[PDB]
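below is the sequence, then the experimental coordinates.
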Amino acid sequence: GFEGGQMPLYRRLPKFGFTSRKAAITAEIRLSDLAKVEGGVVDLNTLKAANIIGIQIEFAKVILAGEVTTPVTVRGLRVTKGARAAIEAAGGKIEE
Amino acid sequence: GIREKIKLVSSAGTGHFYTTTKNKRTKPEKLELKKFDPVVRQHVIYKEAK
Amino acid sequence: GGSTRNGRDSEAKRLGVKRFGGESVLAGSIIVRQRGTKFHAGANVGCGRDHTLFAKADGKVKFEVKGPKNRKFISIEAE
Amino acid sequence: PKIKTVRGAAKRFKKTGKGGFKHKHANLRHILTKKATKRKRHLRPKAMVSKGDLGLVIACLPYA
RNA sequence: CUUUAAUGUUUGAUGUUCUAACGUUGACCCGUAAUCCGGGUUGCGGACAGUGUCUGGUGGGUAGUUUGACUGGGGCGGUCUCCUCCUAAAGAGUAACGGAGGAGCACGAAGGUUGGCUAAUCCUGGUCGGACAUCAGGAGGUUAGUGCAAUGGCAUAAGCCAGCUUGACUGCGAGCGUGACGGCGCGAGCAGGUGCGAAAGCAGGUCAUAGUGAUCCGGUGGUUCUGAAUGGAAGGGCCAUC
RNA sequence: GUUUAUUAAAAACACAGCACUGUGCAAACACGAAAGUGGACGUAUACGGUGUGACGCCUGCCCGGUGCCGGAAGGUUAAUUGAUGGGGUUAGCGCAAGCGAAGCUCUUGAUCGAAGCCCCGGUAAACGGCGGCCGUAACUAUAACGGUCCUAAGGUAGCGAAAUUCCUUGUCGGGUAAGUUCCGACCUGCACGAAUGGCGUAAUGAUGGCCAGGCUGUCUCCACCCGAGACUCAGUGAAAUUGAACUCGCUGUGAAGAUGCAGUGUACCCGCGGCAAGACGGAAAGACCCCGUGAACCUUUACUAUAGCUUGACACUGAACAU
RNA sequence: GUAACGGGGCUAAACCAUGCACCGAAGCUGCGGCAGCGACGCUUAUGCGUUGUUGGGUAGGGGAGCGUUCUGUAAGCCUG
RNA sequence: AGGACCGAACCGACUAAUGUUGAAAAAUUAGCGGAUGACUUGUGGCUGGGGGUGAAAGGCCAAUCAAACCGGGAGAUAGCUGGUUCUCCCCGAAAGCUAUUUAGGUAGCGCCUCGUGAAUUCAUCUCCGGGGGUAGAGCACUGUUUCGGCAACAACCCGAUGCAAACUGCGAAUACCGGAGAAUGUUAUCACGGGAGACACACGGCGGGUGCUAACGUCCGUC
RNA sequence: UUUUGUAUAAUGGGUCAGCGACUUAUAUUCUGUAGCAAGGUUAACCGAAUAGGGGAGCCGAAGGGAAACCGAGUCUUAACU
RNA sequence: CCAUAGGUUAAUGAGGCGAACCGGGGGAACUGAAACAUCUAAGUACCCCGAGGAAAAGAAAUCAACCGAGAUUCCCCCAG
Ligand SMILES: [Mg+2]
Ligand SMILES: [Mg+2]
Ligand SMILES: [Mg+2]
Ligand SMILES: [Mg+2]
Ligand SMILES: [Mg+2]
Ligand SMILES: [Mg+2]
Ligand SMILES: [Mg+2]
Ligand SMILES: [Mg+2]
Ligand SMILES: [Mg+2]
Ligand SMILES: [Mg+2]
Ligand SMILES: [Mg+2]
Ligand SMILES: [Mg+2]
Ligand SMILES: [Mg+2]
Ligand SMILES: [Mg+2]
Ligand SMILES: [Mg+2]
Ligand SMILES: [Mg+2]
Ligand SMILES: [Mg+2]
Ligand SMILES: [Mg+2]
Ligand SMILES: [Mg+2]
Ligand SMILES: [Mg+2]
Ligand SMILES: [Mg+2]
Ligand SMILES: [Mg+2]
Ligand SMILES: [Mg+2]
Ligand SMILES: [Mg+2]
Ligand SMILES: [Mg+2]
Ligand SMILES: [Mg+2]
Ligand SMILES: [Mg+2]
Ligand SMILES: [Mg+2]
Ligand SMILES: [Mg+2]
Ligand SMILES: [Mg+2]
Ligand SMILES: [Mg+2]
Ligand SMILES: [Mg+2]
Ligand SMILES: [Mg+2]
Ligand SMILES: [Mg+2]
Ligand SMILES: [Mg+2]
Ligand SMILES: [Mg+2]
Ligand SMILES: [Mg+2]
Ligand SMILES: [Mg+2]
Ligand SMILES: [Mg+2]
Ligand SMILES: [Mg+2]
Ligand SMILES: [Mg+2]
Ligand SMILES: [Mg+2]
């Protein structure tokens, strides 16, 4: 960071802070998943046991990854309006 | 200097306001002139000005 | 002793001599502190506060001399 | 030992879609009345590191 | 109940007296045929002194340090940021303890628009009006004026007068210029609402270029962004600002 | 008398004498976290601190500033106590807006508050200070003398070209053939002056300066001689230094002062005794000078702290009374 | 110490114009050789001959190697 | 009697020479001062390092003293100085700008190297399109300057003559910017990324400031 | 060696032989290289110890916003630009 | 007066030494911050006391989050 003696870049520039303190416990599931959520019903949890979330997580989305195929029904979770399609498009259902 | 800073407040309930300077040493009359109030997104009468 | 000091860079000059690519609004001439040194004419005008010869619509630059009493005058025809 | 991150820098920068970081513009928190709104308006948003100092940024944030 | 009391009672401010903590480097007794120390007695002093914690003063007695750089060696003197001209070899840009000046502001109008105007100076002729006021003509032509330096500019005036006004508006911004960077500058056009004008249209402060201080730490207003079991709240973020 | 053991013996320190100041004794004070101890088995004719430094004649004016001493009425002020108002929460109130008690909390600080400082007086053998323009004269003059403006007040006695005078070898007198030194004067004291003492002073001094008689090889100008080295032989046997040497002069050249480059002059090979002009000779990573956001110790009204001294509050700390 | 052509010495061995010849370097050419890149015979991974071209170098960057001690291959190989 | 007098021992140390790889890490020789006193000396004791002791020089405290010696923290820190070891091949700088309690240090940019991308990118010449106010020149302007002409000593004005970095009613070469074209140039160009070093330059030519159009002077531009 | 520049009268070395200075641990990023691939890889520990087991966990395939949040979009804004 | 204080005797036990590790009392500066006070170095070095084969710690007035975990200690993660 030192550059002679002048106010370092990480000095002259302001500091915009504030950390979610929540997004840390909010995962992001992808369409590439589910087909590995051990059978159907993508329970709020399960994914954890499926080793792809985190024992700490409390919230998560489905998002569009580009997969689904097998008819799966997410339970106790959220999902984009673009993912809540391919999901049902493959014979899936949403909990909410 | 002698030019104090002024805070033109909106007549609307909105806490929006403008900022500028004035020479109260000769212009005791409280300045008003009407400007744009972003909050209400409509022009109005701004006040407060030594 | 008093003698010293001086302004900084302050470029100001022709940055778009004659015909050029003349984008949406290059500069063509930022020779501030003027109006007659370079006059706003043709498709180009603007002439911002700092007497900077704007330059509108894309095209080539002309660099002419018209109207009573010399008067440089700049503009940007199509290319 | 694990490299220590320059906390100060990790509070003014943030890696973007890629190598970039994008920071916070200066001159927007002090003496603002005598400043052109057009100026400050063009200061509220964020901006990537000038690439010239990018090298430095990518040193104080080893774990960026 | 409301003023001033009287006793009562409390509780502070002094100030006296007391003994019983506490002091005694007075006297005596025992441990002890010890100047120590401890116990006892007596005298003196006495809630003082003194000590602990807290606190105002004092404090080179002691301690840790600071006490700039440029510089025709150093020092002395001067300088340090910003604007203008020359140096600068007709693009930009260039050095010296090179040659010359200025800025740290000013304006609610000295901003905006619409409408209108145009000087300095000399000659001549005119009450008091003379070197130099006001008036009439003629010559003259940006030699005037420009809020403040200098350069460039200005008559379509930016120079001058008046009416009406608040565009010295909010959100954005094609595209450029200029910086190592932080950053600084120019900007047509778009959206919302203004104003001035019959209208085209002009206005996002002043003719332009000086009139300035990054970050941090905080203060104020706004916001249902966040808020450590939950609901709030403190605090934090974001926007405006000191 | 004392002193820098190892470049300073002095005009320096000390001294008896003088003065100021503190100290009532469990003294002041000093060593010590304390116990304790020195001061002193002393007690104001005593002890400590400070300055001056026998003795003689003396020791002027200034208290504005800083320090110290006394006052302490009034202004300002610590901790302490915590009035008072404000906020968060919530029982209840209410379709809702908001309002909200009590409690708990967060904040606010009335009020009580000593020394200190400000303020009043003193104090110079306390730290210290002792005039500027220049006022009015034998041609001009010149302005020591001293008007006027302002000081806290403007240097008294004595001394003065001095251990103090820059101009400076001031000017005059003395001494000398000739004296920037010396002695005696003048006063124009750059910039003496009265216990950070003034002017003197017999005696004293390995003390500074000047002069004279004696005396001389100090010198004119060196000569001879007696001894210890040097020289020779025999025995023992160092040193610093040292890139390598086939290690000349000159004139020029050159990182700017050449044994080594250019030109040229000169020169058979090697010792011994002598001398020091050069090898920028040897010795010590220059001590002067600058630089390093180096070090140390010292100073102070630099900054920040702190022992010590001192203030008040609460505690150990109780009983009454008067107001 | 000649010391203001390097010296000798020069009346032209000075100077001017003109012209030819010659000496002169690590420059250019010739002959042989080496390495990087492009090219051809090619061949036809590869790789070499013919050729165009490049090869001064401090700080410094890039790329190839030599040798040393010790481990495995070593109950091998070499060795009185 | 006496910090009295002369002078050995004893104590001390003013002068000179010699010594200075000494006889000696302070002495020898010849002189010198005190010598009944604040004198001198033997033995043992007591004060310990920011501390002691000091008739005060910062002197002495074991050949050490503006803070002893020994061991430790400890490989303190050293933007400074020195030193850095085998071979061959390729490329090849900088000594600048801007910040900097910065100026003999650093950092971004610039210049070197290496990798990866990409275009007729880039260069020279030709031609085409540009703005220019330098050289020069000139004197309307801004100043400066003469010589003549109409001013109870002279400006203004007029004609004739000059001067100018901060004068311009003129004005090159030329540099620079852009467009088109051929040839040549192992891409010379631009971008991103790994490694840099370098920010003391020196001389000569040309244009200049400064200096004396002095300096192997100094400060720039450029080769 | 240091310098713009040294035969330099600037530094260092009398000579020889031996020794004498870019290392190591961890972390992070690149380049080469091998493995595997939208997957790669385990840590401690167990151990029938260089196996095998253990996938706690770390990195990557999703980003934008200060965040709630949304999501191949997302912020900015009243603006669906 | 009592009674204590004190005195004598006897029986027990301590005393001192020692490498580290361990608990406790006390506690630097160089250094880094490109200066330097806060801060750092670091509760390190060092001094002192005590203990064991280990010490220390330890069976929630712990944590979690409306599901639950269940003393202490050591390792890997979490995470620079
Ligand atoms: Mg997992
Ligand atoms: Mg000190
Ligand atoms: Mg220190
Ligand atoms: Mg300096
Ligand atoms: Mg130019
Ligand atoms: Mg008239
Ligand atoms: Mg202006
Ligand atoms: Mg004597
Ligand atoms: Mg001595
Ligand atoms: Mg002596
Ligand atoms: Mg004295
Ligand atoms: Mg007196
Ligand atoms: Mg004589
Ligand atoms: Mg005399
Ligand atoms: Mg005196
Ligand atoms: Mg005296
Ligand atoms: Mg002999
Ligand atoms: Mg012999
Ligand atoms: Mg010579
Ligand atoms: Mg000799
Ligand atoms: Mg020498
Ligand atoms: Mg040296
Ligand atoms: Mg030939
Ligand atoms: Mg040849
Ligand atoms: Mg080479
Ligand atoms: Mg005697
Ligand atoms: Mg005697
Ligand atoms: Mg003895
Ligand atoms: Mg000694
Ligand atoms: Mg250490
Ligand atoms: Mg060391
Ligand atoms: Mg600074
Ligand atoms: Mg000219
Ligand atoms: Mg040019
Ligand atoms: Mg530099
Ligand atoms: Mg330089
Ligand atoms: Mg230069
Ligand atoms: Mg030079
Ligand atoms: Mg030199
Ligand atoms: Mg040498
Ligand atoms: Mg060797
Ligand atoms: Mg430091």
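That came through, no problem. Numbers count the residues shown, from 1 in each chain, chains lettered A, B, ... in the order given. Ligands and ions are numbered 1, 2, ... in the order given.

please enumerate the strands of the chain.
Because you didn't say which chain, this covers chain A. A:26-28, A:59-61, A:73-74, A:93-94 (DSSP state E).

oops, chain B please
Listed in chain order, the strands of chain B (DSSP E) span B:4-10, B:17-22, B:35-37, B:42-44, B:46-47.

got the contact list for the last one?
If you take C-beta atoms under 8 Å, 6 or more residues apart in numbering or on different chains as the criterion, strand B:46-47 is touched by B:8-11, B:17-18, B:30-35, B:37. C-beta: built from backbone N, CA, C; applies to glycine.

just want the most central residue of the chain.
In the absence of a named chain, this looks at chain A. Closest residue to the average C-alpha location of chain A: residue A:28 at 0.7 Å, with C-alpha atoms, centre = their mean.

I was after chain B.
residue B:8 (1.6 Å).

deepest-packed of the strands of chain B, please.
strand B:46-47 (a mean of 19; mean count of other C-beta atoms under 10 Å in any protein chain shown).

for the closest residue to RNA strand I within chain B, give me its contacts.
Proximity of chain B to RNA strand I (C-beta to the nearest atom of the strand) peaks at residue B:41, 3.2 Å away. If you count contacts by C-beta under 8 Å, 6+ apart, residue B:41 has none.

how close does it sit to RNA strand J?
Between residue B:41 and RNA strand J the distance is 42 Å, computed by C-beta to the nearest atom of the strand, to the nearest Å.

residue C:39 too?
From residue C:39 to RNA strand J the distance is 52 Å (C-beta to the nearest atom of the strand).

count of residues packed around that residue?
21 (other C-beta atoms under 10 Å in any protein chain shown).

which residue is nearest the middle of chain D?
residue D:23 (2.5 Å).

could you find the closest non-adjacent residue to that one?
With C-beta to C-beta, 6 or more residues apart in numbering or on different chains as the measure, residue A:13 is the residue that lies nearest to residue D:23, at 5.1 Å, once sequence neighbours are left out.

likewise residue B:32?
residue B:47 (4.8 Å).

now the strands for chain D?
Going by DSSP E, chain D shows strands at D:23-24, D:46-47.

looking at those strands, which is buried most?
It is strand D:23-24: most buried of the strands of chain D by mean count of other C-beta under 10 Å, with a mean of 20.

which residues touch the residue in chain D that chain A sits nearest to?
Distances between chain D and chain A by C-beta to the nearest C-beta are smallest at residue D:9, namely 3.6 Å. Residue D:9 makes contact with A:1, A:9, A:10, D:57, D:60, D:61 under the criterion C-beta under 8 Å, 6+ apart.

picking that back up, can I get the strands of chain A in a markdown table with distance to RNA strand H?
Formatted as a markdown table, the strands of chain A follow (distance: least, C-beta to the nearest atom of the strand, whole Å):
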| stretch | distance to RNA strand H |
| --- | --- |
| strand A:26-28 | 29 |
| strand A:59-61 | 34 |
| strand A:73-74 | 41 |
| strand A:93-94 | 44 |
